[PDB]
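See below for the structure under consideration.
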Amino acid sequence: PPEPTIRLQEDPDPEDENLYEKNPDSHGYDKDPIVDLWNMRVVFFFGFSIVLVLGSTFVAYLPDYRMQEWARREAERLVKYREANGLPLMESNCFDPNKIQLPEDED
Amino acid sequence: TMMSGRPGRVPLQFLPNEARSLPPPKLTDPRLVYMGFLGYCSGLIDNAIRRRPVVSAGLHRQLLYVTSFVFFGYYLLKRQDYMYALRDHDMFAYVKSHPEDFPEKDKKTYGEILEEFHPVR
Amino acid sequence: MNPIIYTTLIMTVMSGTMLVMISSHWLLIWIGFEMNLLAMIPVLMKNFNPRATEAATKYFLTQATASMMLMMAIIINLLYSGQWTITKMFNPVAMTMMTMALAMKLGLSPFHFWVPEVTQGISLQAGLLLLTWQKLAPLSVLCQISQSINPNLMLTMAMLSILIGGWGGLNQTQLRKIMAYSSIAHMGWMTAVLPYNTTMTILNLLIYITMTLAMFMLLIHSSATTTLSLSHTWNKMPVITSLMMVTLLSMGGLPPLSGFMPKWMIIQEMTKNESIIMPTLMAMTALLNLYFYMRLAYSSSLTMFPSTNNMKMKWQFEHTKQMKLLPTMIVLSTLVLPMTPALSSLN
Amino acid sequence: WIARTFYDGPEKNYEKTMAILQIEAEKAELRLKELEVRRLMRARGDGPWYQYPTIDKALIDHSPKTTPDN
Amino acid sequence: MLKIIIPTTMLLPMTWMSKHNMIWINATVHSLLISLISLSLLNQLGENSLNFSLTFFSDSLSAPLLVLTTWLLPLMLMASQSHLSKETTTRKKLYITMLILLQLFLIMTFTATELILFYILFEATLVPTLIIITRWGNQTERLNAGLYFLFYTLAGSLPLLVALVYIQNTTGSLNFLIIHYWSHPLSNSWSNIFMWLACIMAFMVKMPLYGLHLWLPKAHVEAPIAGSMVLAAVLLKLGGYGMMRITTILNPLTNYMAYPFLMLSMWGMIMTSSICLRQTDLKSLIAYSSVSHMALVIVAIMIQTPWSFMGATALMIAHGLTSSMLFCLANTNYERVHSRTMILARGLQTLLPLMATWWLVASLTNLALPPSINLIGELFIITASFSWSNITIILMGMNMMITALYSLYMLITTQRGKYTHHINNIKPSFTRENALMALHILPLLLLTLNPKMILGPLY
Amino acid sequence: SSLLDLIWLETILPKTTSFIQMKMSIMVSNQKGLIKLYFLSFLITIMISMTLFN
Amino acid sequence: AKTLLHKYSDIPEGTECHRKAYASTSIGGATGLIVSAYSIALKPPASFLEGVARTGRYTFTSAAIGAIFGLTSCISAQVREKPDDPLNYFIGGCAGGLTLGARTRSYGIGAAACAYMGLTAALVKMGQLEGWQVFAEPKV
Amino acid sequence: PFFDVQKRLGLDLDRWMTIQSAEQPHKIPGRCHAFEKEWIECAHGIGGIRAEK
Amino acid sequence: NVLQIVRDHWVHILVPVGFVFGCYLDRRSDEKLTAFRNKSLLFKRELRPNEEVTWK
Ligand SMILES: CCCCCCCCCCCCCCCCCC(=O)OC[C@H](COP(=O)([O-])OCC(O)COP(=O)([O-])OC[C@@H](COC(=O)CCCCCCCCCCCCCCCCC)OC(=O)CCCCCCCCCCCCCCCCC)OC(=O)CCCCCCCCCCCCCCCCC
Ligand SMILES: CCCCCCCCCCCCCCCCC[C@@H](O)O[C@H](CO[C@H](O)CCCCCCCCCCCCCCC)COP(=O)(O)OCC[N+](C)(C)C
Ligand SMILES: CCCCCCCCCCCCCCCCC[C@@H](O)O[C@H](CO[C@H](O)CCCCCCCCCCCCCCC)COP(=O)(O)OCC[N+](C)(C)C
Ligand SMILES: CCCCCCCCCCCCCCCCC[C@@H](O)O[C@H](CO[C@H](O)CCCCCCCCCCCCCCC)COP(=O)(O)OCC[N+](C)(C)C
Ligand SMILES: CCCCCCCCCCCCCCCCC[C@@H](O)O[C@H](CO[C@H](O)CCCCCCCCCCCCCCC)COP(=O)(O)OCC[N+](C)(C)C
Ligand SMILES: CCCCCCCC/C=C\CCCCCCCC(=O)O[C@H](COC(=O)CCCCCCC/C=C/CCCCCCCC)COP(=O)(O)OCCN
């Protein structure tokens, strides 16, 4: 059996390279220190500073397009009106029955 | 809708004369822009297959790709609009000429329509 | 052969197809079919080897039997009504004879057995011609007489073709046989919408021709006829393999690729006619075609197969001959879904 | 400030929705009518669509035919 | 809506015209800016919707998903920067192109006023994910995984298309507004039962449903980190969004047809939580946890009550964020140990204390610790189920207990105990990994301050 | 983990489909290339087609 | 041809079991004869005697399947007193699957065949009830 | 499909041979010429569906 | 340096340009949906003396 046991021509599996070895203060972004530092800076500025803080403040101060206070004020004046006139607060019918035409059964 | 046998159809006209009574598509039509984009993509792929700098190998050839695609797309859009206009015209004429097959529904309000209610529990 | 003779034979094939397409007399349609068959054989036998001769003789036997059946249908139709014009047949028996003749000419199941063998025997350019240009005339005749066809028989053959193509492609390592089974499945898709809308038939035909042209030209460019030969292309032309993978994805019917346009439309059309079960089965069966397309993509561009040492020499040379329309074919076969309503042009 | 510089009033979205709904409802009723019209034309064949060719009568020869009885 | 779509498209020429060593920086910066711009969709109305045009519309169900989709891309780029170092510029540009195309398809899918357009984009998302899995995955099983992730999906999605076109042939439209306003009851018929099944099964397979979940562990385990992040965070939510949209035409047939799926989900959450207790792989454990959470979301959508829908929306957002964080932590361990076996690298608290804190907070959010939005969704769904039937409380509480058990088991196995002696290549955590972890976790604890942003249209 | 997830759920949907498609593909694509059998099937199909429809 | 279809369908579903079994047996036998013809054409095994034996086995298997389906389905419809129920058809399909398994002597195919045949039978009954069209005429 | 080149160009390549009653040489009359002429004149322009019914 | 860093940083300007183009296209598409402007029963409003359209 003169076979080589080498099934094919293959490069050996390379060993993983440490970014801290050639460069302490390596930030884990790139092996080029300048590109590494600027990648860290842009990620931190546009992620933590711009989006995370300014966007959160923008969401906090969004105008009331859901009309929560509007509904509260409408309910307040409506309850004030019905309590003053003795009306039974909320009605059980959502629509007026006079304007609904039921089908006569005659069963 | 088979329109091959539609009366008064000249056999091999891409665009009949009556199609000239329709508004032509604008040159800034999004479909024309997509045709030009397809021409640009064809030019880039042609550069890539020939092992040439993909973005900046032949500007004359890429321009020709874009222009031919836009030209054919313009004429194709004209024909497409004409065919859809014919479909609508024939549909409306047929509805007009056969009133008994398209009777008017009596307009009825939801106040006197009884819909069965199904609770979600 | 001589380039003059080759050009003459190609134009004779095209003139036969044209004769079939422009004539109104059944005799002239039969003559166009005869002319096409007569000029097609040397094209299949352009490169001489025993396999090409076997493919040509099988193709001739099939097409001549189909032509005789078609002439029988014509004569029976003349017997029951002295008409020569291509229109509704007027005879139930004649229509069946005509349908079987055209199914044999197209390669629809159960008359599919010749397509894989003929495609494997002939070269890649001959296969491109056979799978693209040789479907126009029978499909045009079918479109002309679509109001006559029995929907049961046509739909049975369409579903059988889709099933047979899907199952037969799963077992192939040869690229030409894969193309043949794909063509059988696509013919099955095309003929299932003839009873309802010939415009959808023509749209499917155009999309399929575009994709088949792109795939064959890519296979000719990277001169491979087997899976393992194609697995070497990434080590010389990776961009060709990427384009081939995108084209294969399109051929499997994935949105938003161009190959999704026909089936979708066809399904949509078949739903307007209260046909629900049949399109469902057709899509489920097309999943098989997608499976073997995906296997080819895995073997070609999504993984890197081992190469050989002599490939290094091939790194020093570039193609002398180029296809001008290959980029346009790729783009038209991958990126025309947004332009779907243009099908109103009655393509 | 945010509402003034980034957004608009409820009227714009309200009336845009009105217009969009009107267009879409018209398209739906047009599609249904078109399907019904196709069904009727294919059933009866009295419309411009689904017109299948018949023999042209200009091909007939109207002449004496060597025999009085045609 | 074009003010978000066009910049995402411009991400492609910018990526392909960039320097060889500026692709990550430019992609990250401009994706973050696109996320910031998309953040202004959160200003929703109490009335109908944000109907931009005939093609695209926004809703308070769509807006949180859109914002999460836009926020996920920068994190995916940061996670992918490490393991793509030794690869050519063209291939890295192709990888970033696949991510950008996935984001574009997801953005157009979530707005998608048309149901056929929604289907087309919802299936177009399939291609980039498959290419990412089967091209940049490590093990030999990835190809097989891809096949599963493909065919399952199509096996569910092909009938839906037929159903969809059928509806437009009867209704006349597939616009969601017209469908909602012109909706009509479904009679109890065999044809209607099969229409219901064709409408539901496509979204059920991608949640995934318990019986139909086989593709998920393979696809998530064999995918690269960006692929796993996008699969767990956004792609699983397509089924929930589609069900929430499509259940409007399925009433009242949902009352009867929901029972087998409700039983499957209620038992499968227990089954998958129990499976998590015996798992030798971190990624598989996280995948099964995702299956359990999505089973709870399926129950919520099937009950179809307001509290159910609010809980399901909140849980979808919270699960996306938490699962992305967990996958990132697992990948940080893997890139050091190269094994992905949970029992191998032990006692990492003594060597990586800040990463141990990140592990703890991720496990806490997965455990649904109040007042996190995870527990907000959990509790809303549980209360809705209790109103649906009081006996669901046993299964829900058992699921909660097992969830806490396997989350703390995962934390204790990897972080506590004694370090493995023979492993000496555990390097200090990079600033990139810590920044990634913070960018996952701060949005969760900051969303717990404003829950109405992620509670959906029925708030 | 094993009985249901790794065995029976695999056996039911994916493995069964793969097995059935495998067997059907083997049956379909296994023709020896003899045109005698092909045209015998052609006669059979042609004969069956004429009789069943009419 | 459709003559056997009409012979089977004309008999009321809940009555007169023996003719339903006979008709289903004939339909199965015809299907098996067609299958045997195709199998002989594509695969001529060795000779005339083995070929006629293979035709006999295929035809008898298919006829037994049809007989069991018809008998079990009609008996189920009769005893349950509920016609127009797909469950009866499903039971018949399951019975047919069981018979097929016995012929092939396989527990797996018998079980697999029973489940698949029953589902198919149930679907055919639902199509009869709802008017589903496998081959739709050109309407539009 | 059918490209009606003859109608567009007015060529009459093969229409002279399609029906019995179309200008036979020496005015020879077909046996069924009277019947075919009536059928053609009935069905002209009406369309195939209406012609058949 | 001008004319030098432009050849290295030209790509950065593209995303911002896209955002502006998308805003412009959104407004242009808004201009095609004015069939009911100042016509809804809820917001039938009589125009101000120096007003052309209620909203743009
Ligand atoms: C949704 C719609 C919106 C988005 C549209 C998306 C599509 C758009 C483009 C379509 C096609 C056009 C380009 C294709 C030609 C190929 C080019 C190429 O190969 O790349 C190299 C080339 C750079 O390399 P190079 O140094 O020149 O030459 C080296 C070789 O070329 C290459 O070096 P190599 O060959 O030695 O490297 C080998 C490599 C090379 O092989 C390739 O990469 C081939 C490329 C893939 C083929 C694409 C098929 C056709 C397109 C259909 C896409 C389907 C999309 C649907 C969704 C499904 C997704 C698949 O092959 C591999 O590595 C194989 C393994 C890879 C994994 C499997 C492959 C995945 C394929 C999926 C790709 C899909 C997205 C592609 C994006 C464009 C890629 C450049 O790339 C480019 O520069 C072209 C990019 C486009 C230029 C944009 C210019 C505009 C910018 C300025 C103007 C601003 C505009 C706005 C106006 C306002 C401003 C003020
Ligand atoms: C997949 C992309 C395929 C593209 C097709 C090739 C593109 C190059 C073609 C070059 C120009 C073609 C125009 C031909 C000039 C004259 C046309 C004239 O002769 O024909 C007319 C009609 O021409 C064609 O119908 C129009 C062809 C246009 C095809 C485009 C539609 C494809 C579907 C949309 C996909 C997107 C493609 C656009 C991107 C390029 C009249 O035909 P008619 O004698 O009366 O009846 C025959 C047809 N019947 C039987 C069906 C009724
Ligand atoms: C305390 C006070 C500040 C509160 C916080 C506010 C911060 C807001 C930031 C978040 C903004 C969210 C998106 C808002 C814009 C949405 C898109 C568009 O609508 O806005 C356009 C305006 O957008 C701006 O022009 C662009 C905003 C871009 C913000 C980028 C911030 C981060 C940049 C960081 C760069 C740092 C320098 C580089 C360092 C390396 C104008 O909209 P328009 O179509 O008219 O609307 C129609 C209705 N109108 C007519 C009434 C308006
Ligand atoms: C290190 C040790 C600690 C040091 C630091 C000590 C200080 C701690 C104080 C901070 C935490 C304590 C909690 C106290 C909260 C105070 C602020 C809070 O009250 O404001 C909230 C306001 O904040 C917002 O509501 C929550 C922020 C929104 C988060 C958006 C996420 C950012 C985008 C990132 C991408 C998205 C990824 C996830 C996709 C879904 C709620 O206010 P609200 O009563 O309601 O109304 C706001 C004011 N109004 C009345 C004028 C309207
Ligand atoms: C595997 C992993 C999970 C995948 C997804 C699983 C979820 C799918 C479950 C399907 C939902 C229910 C399907 C049918 C529900 C109808 C109600 C039925 O179950 O109850 C009886 C139905 O009776 C019987 O079921 C008749 C059918 C019998 C045949 C069915 C086969 C039985 C087992 C098949 C299960 C296999 C599923 C997978 C297939 C590949 C009531 O009878 P009846 O009141 O009179 O008629 C009600 C229906 N009507 C009103 C429209 C007329
Ligand atoms: C993960 C893999 C799952 C694979 C797919 C699962 C979903 C299966 C759902 C059914 C598929 C096709 C359904 C049809 C699509 C809807 C169309 C529709 O509703 O129209 C019906 C048509 O209904 C049908 O035709 C249904 C026939 C179904 C045939 C295919 C059966 C597939 C398997 C059946 C058993 C399993 C069913 C549920 C499986 C769930 C997934 C496990 C009524 O229309 P008409 O008939 O024209 O009007 C009535 C008057 N004539």
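Letters for chains follow the order of the structure tokens (A, B, ...), residue numbers begin at 1 for each chain, and ligand numbers begin at 1 in the order shown.
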Test item: residues at most 7 Å from segment 7-24 of chain D, only C-alpha atoms, excluding those fewer than 3 positions along its chain, as a PyMOL selection string: (chain D and resi 3-4+27-28) or (chain E and resi 50-51+54+178) or (chain I and resi 33-37+40+43+55)
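Neighbours of residue 290 of chain E closer than or equal to 9 Å, with only C-alpha atoms counted and sequence neighbours fewer than 6 positions away skipped, come out as residues 232, 236, 319, 320 and 323 of chain E.
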task = Could you report the residues within 7 Å of ligand 3, using only C-alpha atoms and all ligand atoms, as an MDAnalysis selection string?
result = (chainID A and resid 42 46 50 54:55 57:58) or (chainID D and resid 4:8) or (chainID E and resid 3 33 36:40) or (chainID I and resid 23)
Taken to one decimal, the atom CA of residue 14 of chain I-atom 100 (C, counted along the ligand's line) of ligand 1 distance is 5.9 Å
Q. Residues within 6 Å of ligand 1 (only C-alpha atoms and all ligand atoms), as a PyMOL selection string?
A. (chain B and resi 41+44-45+48+53-55) or (chain C and resi 238-239+242-243+246+301-302+334) or (chain E and resi 13+16+90-91+127-128) or (chain I and resi 14)
Selection to disk with C-alpha atoms, as a PDB file, in the first residue's frame:
```pdb
ATOM      1  CA  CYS B  41     -28.000  46.205 -14.696  1.00  0.00           C
ATOM      2  CA  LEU B  44     -22.968  45.981 -15.368  1.00  0.00           C
ATOM      3  CA  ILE B  45     -23.466  42.233 -15.851  1.00  0.00           C
ATOM      4  CA  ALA B  48     -18.652  41.526 -15.108  1.00  0.00           C
ATOM      5  CA  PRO B  53     -14.091  47.077 -14.307  1.00  0.00           C
ATOM      6  CA  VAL B  54     -17.798  46.689 -13.676  1.00  0.00           C
ATOM      7  CA  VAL B  55     -18.779  50.291 -12.977  1.00  0.00           C
TER       8      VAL B  55
ATOM      9  CA  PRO C 238     -17.135  32.653  -9.716  1.00  0.00           C
ATOM     10  CA  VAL C 239     -19.328  35.409 -11.186  1.00  0.00           C
ATOM     11  CA  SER C 242     -23.329  33.418  -8.987  1.00  0.00           C
ATOM     12  CA  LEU C 243     -25.365  34.365 -12.060  1.00  0.00           C
ATOM     13  CA  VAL C 246     -29.656  33.442  -9.322  1.00  0.00           C
ATOM     14  CA  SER C 301     -22.011  28.306  -6.067  1.00  0.00           C
ATOM     15  CA  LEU C 302     -23.082  27.947  -2.437  1.00  0.00           C
ATOM     16  CA  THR C 334     -34.386  37.502 -12.997  1.00  0.00           C
TER      17      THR C 334
ATOM     18  CA  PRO E  13     -24.302  51.567  -3.779  1.00  0.00           C
ATOM     19  CA  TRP E  16     -20.253  48.754  -3.050  1.00  0.00           C
ATOM     20  CA  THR E  90     -16.141  41.377  -2.524  1.00  0.00           C
ATOM     21  CA  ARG E  91     -17.548  38.611  -0.323  1.00  0.00           C
ATOM     22  CA  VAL E 127     -33.800  34.111  -0.466  1.00  0.00           C
ATOM     23  CA  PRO E 128     -31.315  36.319   1.476  1.00  0.00           C
TER      24      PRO E 128
ATOM     25  CA  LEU I  14     -25.554  59.204  -0.775  1.00  0.00           C
TER      26      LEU I  14
END
```
_Tell me as a PyMOL selection string which residues belonging to chain G come within 10 Å of chain D, counting only C-alpha atoms._
chain G and resi 138-140
Taking N, CA, C and O atoms for each residue, export the selection above as a short mmCIF file (atom, residue, chain, number, x, y, z; two decimals), in the first residue's frame.
```cif
data_model
loop_
_atom_site.label_atom_id
_atom_site.label_comp_id
_atom_site.auth_asym_id
_atom_site.auth_seq_id
_atom_site.Cartn_x
_atom_site.Cartn_y
_atom_site.Cartn_z
N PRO G 138 -64.14 25.85 -18.89
CA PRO G 138 -63.82 27.27 -19.05
C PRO G 138 -65.05 28.15 -18.84
O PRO G 138 -65.96 28.18 -19.67
N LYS G 139 -65.07 28.85 -17.71
CA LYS G 139 -66.22 29.68 -17.37
C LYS G 139 -66.00 31.13 -17.76
O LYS G 139 -66.90 31.78 -18.29
N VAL G 140 -64.80 31.65 -17.51
CA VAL G 140 -64.53 33.06 -17.68
C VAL G 140 -63.38 33.27 -18.65
O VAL G 140 -63.52 33.94 -19.67
#
```
(Q) Set the cut-off to 8 Å and count only C-alpha atoms: what are the residues of chain D that reach chain B? Output as number ranges by chain. (A) D: 34, 37-38, 47-53
Which protein, DNA or RNA residues have an atom within 7 Å of ligand 2, counting only C-alpha atoms and all ligand atoms, as a PDB file with N, CA and C atoms, in the first residue's frame?
```pdb
ATOM      1  N   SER B   4     -58.184  38.638 -29.639  1.00  0.00           N
ATOM      2  CA  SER B   4     -57.568  38.362 -30.932  1.00  0.00           C
ATOM      3  C   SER B   4     -58.565  38.535 -32.068  1.00  0.00           C
ATOM      4  N   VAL B  10     -56.415  45.360 -37.030  1.00  0.00           N
ATOM      5  CA  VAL B  10     -55.391  45.158 -38.060  1.00  0.00           C
ATOM      6  C   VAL B  10     -54.371  44.146 -37.549  1.00  0.00           C
ATOM      7  N   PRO B  11     -53.976  43.151 -38.355  1.00  0.00           N
ATOM      8  CA  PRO B  11     -53.191  42.027 -37.828  1.00  0.00           C
ATOM      9  C   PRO B  11     -51.918  42.389 -37.074  1.00  0.00           C
ATOM     10  N   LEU B  12     -50.967  43.085 -37.694  1.00  0.00           N
ATOM     11  CA  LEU B  12     -49.630  43.196 -37.122  1.00  0.00           C
ATOM     12  C   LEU B  12     -49.260  44.618 -36.707  1.00  0.00           C
ATOM     13  N   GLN B  13     -50.231  45.439 -36.310  1.00  0.00           N
ATOM     14  CA  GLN B  13     -49.935  46.763 -35.767  1.00  0.00           C
ATOM     15  C   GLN B  13     -49.579  46.638 -34.292  1.00  0.00           C
ATOM     16  N   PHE B  14     -48.406  47.155 -33.923  1.00  0.00           N
ATOM     17  CA  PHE B  14     -48.070  47.296 -32.512  1.00  0.00           C
ATOM     18  C   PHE B  14     -48.989  48.307 -31.836  1.00  0.00           C
ATOM     19  N   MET B  35     -37.191  50.393 -16.439  1.00  0.00           N
ATOM     20  CA  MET B  35     -36.592  49.898 -17.678  1.00  0.00           C
ATOM     21  C   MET B  35     -35.149  50.376 -17.828  1.00  0.00           C
ATOM     22  N   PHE B  69     -33.174  50.058 -23.672  1.00  0.00           N
ATOM     23  CA  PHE B  69     -34.188  49.593 -22.735  1.00  0.00           C
ATOM     24  C   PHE B  69     -35.279  50.638 -22.542  1.00  0.00           C
ATOM     25  N   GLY B  73     -39.134  50.177 -23.633  1.00  0.00           N
ATOM     26  CA  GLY B  73     -40.076  50.281 -22.537  1.00  0.00           C
ATOM     27  C   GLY B  73     -41.140  51.330 -22.777  1.00  0.00           C
ATOM     28  N   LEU B  76     -43.582  49.806 -25.217  1.00  0.00           N
ATOM     29  CA  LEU B  76     -44.316  48.748 -24.533  1.00  0.00           C
ATOM     30  C   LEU B  76     -45.365  49.320 -23.587  1.00  0.00           C
TER      31      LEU B  76
ATOM     32  N   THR C 199     -53.220  33.748 -23.570  1.00  0.00           N
ATOM     33  CA  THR C 199     -52.262  34.795 -23.235  1.00  0.00           C
ATOM     34  C   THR C 199     -51.334  34.347 -22.114  1.00  0.00           C
ATOM     35  N   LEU C 203     -47.297  33.972 -22.224  1.00  0.00           N
ATOM     36  CA  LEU C 203     -46.445  34.590 -21.212  1.00  0.00           C
ATOM     37  C   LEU C 203     -45.522  33.565 -20.563  1.00  0.00           C
ATOM     38  N   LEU C 206     -42.775  32.657 -23.039  1.00  0.00           N
ATOM     39  CA  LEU C 206     -41.732  33.670 -23.173  1.00  0.00           C
ATOM     40  C   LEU C 206     -40.795  33.662 -21.972  1.00  0.00           C
ATOM     41  N   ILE C 207     -41.358  33.587 -20.762  1.00  0.00           N
ATOM     42  CA  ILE C 207     -40.520  33.566 -19.564  1.00  0.00           C
ATOM     43  C   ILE C 207     -39.635  32.327 -19.554  1.00  0.00           C
ATOM     44  N   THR C 210     -36.787  32.658 -22.044  1.00  0.00           N
ATOM     45  CA  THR C 210     -35.744  33.544 -21.536  1.00  0.00           C
ATOM     46  C   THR C 210     -34.858  32.827 -20.520  1.00  0.00           C
ATOM     47  N   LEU C 332     -33.473  39.731 -17.910  1.00  0.00           N
ATOM     48  CA  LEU C 332     -34.877  39.506 -18.221  1.00  0.00           C
ATOM     49  C   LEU C 332     -35.419  38.266 -17.525  1.00  0.00           C
ATOM     50  N   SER C 333     -34.555  37.312 -17.193  1.00  0.00           N
ATOM     51  CA  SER C 333     -34.991  36.111 -16.500  1.00  0.00           C
ATOM     52  C   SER C 333     -34.959  36.251 -14.986  1.00  0.00           C
ATOM     53  N   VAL C 336     -37.841  41.005 -13.902  1.00  0.00           N
ATOM     54  CA  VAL C 336     -38.929  41.631 -14.643  1.00  0.00           C
ATOM     55  C   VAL C 336     -40.268  41.502 -13.928  1.00  0.00           C
ATOM     56  N   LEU C 337     -40.270  41.022 -12.686  1.00  0.00           N
ATOM     57  CA  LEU C 337     -41.520  40.902 -11.938  1.00  0.00           C
ATOM     58  C   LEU C 337     -42.259  42.228 -11.768  1.00  0.00           C
ATOM     59  N   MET C 339     -42.703  44.484 -13.843  1.00  0.00           N
ATOM     60  CA  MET C 339     -43.330  44.828 -15.113  1.00  0.00           C
ATOM     61  C   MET C 339     -44.394  43.821 -15.533  1.00  0.00           C
ATOM     62  N   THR C 340     -45.016  43.141 -14.572  1.00  0.00           N
ATOM     63  CA  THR C 340     -46.000  42.108 -14.889  1.00  0.00           C
ATOM     64  C   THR C 340     -47.203  42.622 -15.675  1.00  0.00           C
ATOM     65  N   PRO C 341     -47.829  43.758 -15.336  1.00  0.00           N
ATOM     66  CA  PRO C 341     -49.032  44.172 -16.084  1.00  0.00           C
ATOM     67  C   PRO C 341     -48.804  44.362 -17.575  1.00  0.00           C
ATOM     68  N   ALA C 342     -47.555  44.534 -18.014  1.00  0.00           N
ATOM     69  CA  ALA C 342     -47.251  44.593 -19.439  1.00  0.00           C
ATOM     70  C   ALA C 342     -47.727  43.360 -20.196  1.00  0.00           C
ATOM     71  N   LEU C 343     -48.148  42.305 -19.491  1.00  0.00           N
ATOM     72  CA  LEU C 343     -48.713  41.142 -20.160  1.00  0.00           C
ATOM     73  C   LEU C 343     -49.985  41.486 -20.920  1.00  0.00           C
ATOM     74  N   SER C 345     -50.058  43.395 -23.249  1.00  0.00           N
ATOM     75  CA  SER C 345     -49.636  43.532 -24.638  1.00  0.00           C
ATOM     76  C   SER C 345     -49.970  42.311 -25.484  1.00  0.00           C
ATOM     77  N   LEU C 346     -50.618  41.295 -24.908  1.00  0.00           N
ATOM     78  CA  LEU C 346     -51.000  40.079 -25.622  1.00  0.00           C
ATOM     79  C   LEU C 346     -49.776  39.435 -26.262  1.00  0.00           C
ATOM     80  N   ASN C 347     -48.662  39.512 -25.535  1.00  0.00           N
ATOM     81  CA  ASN C 347     -47.356  38.995 -25.941  1.00  0.00           C
ATOM     82  C   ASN C 347     -47.399  37.735 -26.803  1.00  0.00           C
TER      83      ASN C 347
ATOM     84  N   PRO H   1     -48.609  33.262 -31.847  1.00  0.00           N
ATOM     85  CA  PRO H   1     -49.364  32.223 -32.551  1.00  0.00           C
ATOM     86  C   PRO H   1     -49.648  32.593 -33.996  1.00  0.00           C
ATOM     87  N   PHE H   2     -50.917  32.550 -34.389  1.00  0.00           N
ATOM     88  CA  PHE H   2     -51.296  32.903 -35.750  1.00  0.00           C
ATOM     89  C   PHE H   2     -50.971  34.368 -36.009  1.00  0.00           C
ATOM     90  N   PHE H   3     -49.994  34.609 -36.875  1.00  0.00           N
ATOM     91  CA  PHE H   3     -49.683  35.940 -37.379  1.00  0.00           C
ATOM     92  C   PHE H   3     -50.289  36.042 -38.771  1.00  0.00           C
ATOM     93  N   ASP H   4     -51.386  36.790 -38.891  1.00  0.00           N
ATOM     94  CA  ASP H   4     -52.126  36.878 -40.149  1.00  0.00           C
ATOM     95  C   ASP H   4     -51.398  37.824 -41.104  1.00  0.00           C
TER      96      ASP H   4
END
```
9 Å shell around ligand 6 using only C-alpha atoms and all ligand atoms, listed as a ChimeraX atom specification: /C:271,273-278,280-281,284 /E:151-167,189-202,204-205,212 /F:13 /G:119-120,122-124,126-127,129-134
Check: Mind listing the residues within 6 Å of ligand 4, only C-alpha atoms and all ligand atoms counted, as a VMD selection string?
Finding: (chain A and resid 51 to 52 55 to 56 59 to 61) or (chain E and resid 64 67 to 68 71 317 443 446 to 447 449 to 450)
Go ahead and write the selection's residues with C-alpha atoms as a compact mmCIF listing (two decimals), in the first residue's frame.
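Written file, again31.txt:
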```txt
# COMPACT_ATOMS: atom_id res chain seq x y z
CA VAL A 51 -30.11 57.29 18.61
CA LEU A 52 -30.28 56.10 22.21
CA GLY A 55 -34.36 59.27 20.01
CA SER A 56 -35.52 58.37 23.51
CA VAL A 59 -40.23 59.43 21.81
CA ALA A 60 -40.81 60.79 25.33
CA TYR A 61 -42.10 64.13 24.01
CA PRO E 64 -42.57 48.68 16.56
CA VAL E 67 -38.20 50.11 14.32
CA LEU E 68 -36.84 46.80 15.63
CA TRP E 71 -32.32 48.72 14.82
CA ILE E 317 -40.86 42.78 20.59
CA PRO E 443 -33.72 49.43 24.66
CA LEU E 446 -35.98 51.77 28.44
CA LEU E 447 -39.11 50.47 26.70
CA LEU E 449 -40.89 53.06 30.78
CA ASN E 450 -43.23 53.61 27.79
```
